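Here's a solo chain for you in structure tokens, the form deposited in one PDB entry.
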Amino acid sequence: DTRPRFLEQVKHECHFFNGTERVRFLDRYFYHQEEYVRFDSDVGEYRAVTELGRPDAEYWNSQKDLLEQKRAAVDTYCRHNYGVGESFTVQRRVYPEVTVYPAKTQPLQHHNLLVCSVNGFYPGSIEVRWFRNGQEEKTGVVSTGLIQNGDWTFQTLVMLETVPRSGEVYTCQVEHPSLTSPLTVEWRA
């Protein structure tokens, strides 16, 4: 199917700062990937983003009733919907399960990678740190970064490049809004 495609998108966005103390509403219209006209609650009128959107900005700005609908949206739309979903979105908290296992940076070689696998947490903000015998190790640390699972949970792998010596105890430490104190998992060689 080589037929040309044409795509319309609309995004009605509500931006929240300090709960609902400060709210910004954006009414955004897109043709393909390009935004061509928008209503910003900071402005209170539509503005063309590209020349293509100018007729719409001018037509919509001539409709006082339409503009007042958009101007009230921070209250009637944004603050309202925030209230509706707050208990299971804003307040959603799921602790991570933390696993440590050894790995290899290159096949055949002995174990020289410690993986701290952090799974199933929400929200996304998280801090994972490695310790060797109680001392934070900041060198040789690489990660997958923050991975969205698409199902309201996240995961991340935080790896430490190291050559384990007998007696050493390694610790992966995880801080997260769902936790009241750091979660630690030890690994011994």
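Throughout, we count residues from 1 along the sequence that is shown. Only residues modelled in both forms are compared. By rigid core we mean the largest C-alpha set that fits within 1.5 Å across both forms.
The same protein also has a form deposited in another entry, omitted here; what follows describes it.
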Task: Residue among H111, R71, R92, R79 with C-alpha shift of 2 Å or more between the shown form and the other one, core superposed - done: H111
Task: Distance direction in the other entry for the C-alpha atoms of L108 and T171, relative to the displayed form (3 angstroms or more) - done: closer
Open item on the list: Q155 and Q106: their C-alpha distance differs by 3 angstroms or more in the other entry. Do they come closer or move farther apart compared with the shown form?
Closed with: farther
Open item on the list: Using a 2 Å C-alpha criterion and requiring 3 or more consecutive residues, which regions move between the shown form and the other one after core superposition?
Closed with: 104 to 111
